[PDB]
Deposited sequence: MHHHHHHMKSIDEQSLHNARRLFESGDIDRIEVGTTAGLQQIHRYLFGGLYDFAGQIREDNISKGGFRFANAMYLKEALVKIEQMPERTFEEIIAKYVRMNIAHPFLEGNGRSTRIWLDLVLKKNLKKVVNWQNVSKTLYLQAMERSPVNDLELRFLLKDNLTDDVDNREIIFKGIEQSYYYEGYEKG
């Protein structure tokens, strides 16, 4: 928990300090920046990519105009699994930045049940319908609300077992 607990604080600091605004949106480098911030000083491979290189290039080039397009891009990044660890927590922040830029909305994760999220994610390689339906019902335009942000981060970490 000590690794996860310190990462949780890093995630909170990322938004509080406003450093989140310096993260490149929708790119591999951006995802690396997030991973580096979250696990810097914890994982030796923080911000480091574990073919995979060519797949990531194709993924970041995917369009981000619609919710459906954004989710499709998110699902391949998840399948890509670019880091040894910390993929889900970093990618979910990665997703929100993309949603905020293009749709001016983010996912209110605190209202996204663990059971429904994991099922939808597990199913997404075959069909992302479950994931699209779940996340779309939980979009909010209140993208700078700290309650939504901090509670969202807590839920995100809850998805992987930290509490």
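Self-check item: Deposited residues absent from the coordinates (by C-alpha)
Solution: Holes in the chain trace, numbered from 1: 1-8, 59-73, 187-188.
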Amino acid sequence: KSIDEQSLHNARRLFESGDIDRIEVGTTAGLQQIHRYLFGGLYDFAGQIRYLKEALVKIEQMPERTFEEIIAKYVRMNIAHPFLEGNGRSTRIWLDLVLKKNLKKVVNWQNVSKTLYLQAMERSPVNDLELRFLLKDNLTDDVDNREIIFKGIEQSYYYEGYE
From here on, numbers count along this sequence of modelled residues.
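Self-check item: Between 123-131 and 99-107 (mean CA B-factor, as deposited), the higher
Solution: Looking at the record's C-alpha B-factors, the answer is 99-107.
Quiz item: Comparing 53-61 with 111-119, which has the greater mean CA B-factor as deposited?
Solution: The entry gives the higher C-alpha B-factor average to 53-61.
Quiz item: Comparing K136 with the other modelled residues of its chain, is its CA B-factor in the lowest, middle or highest third?
Solution: Highest third, going by the recorded CA B-factors of the chain.
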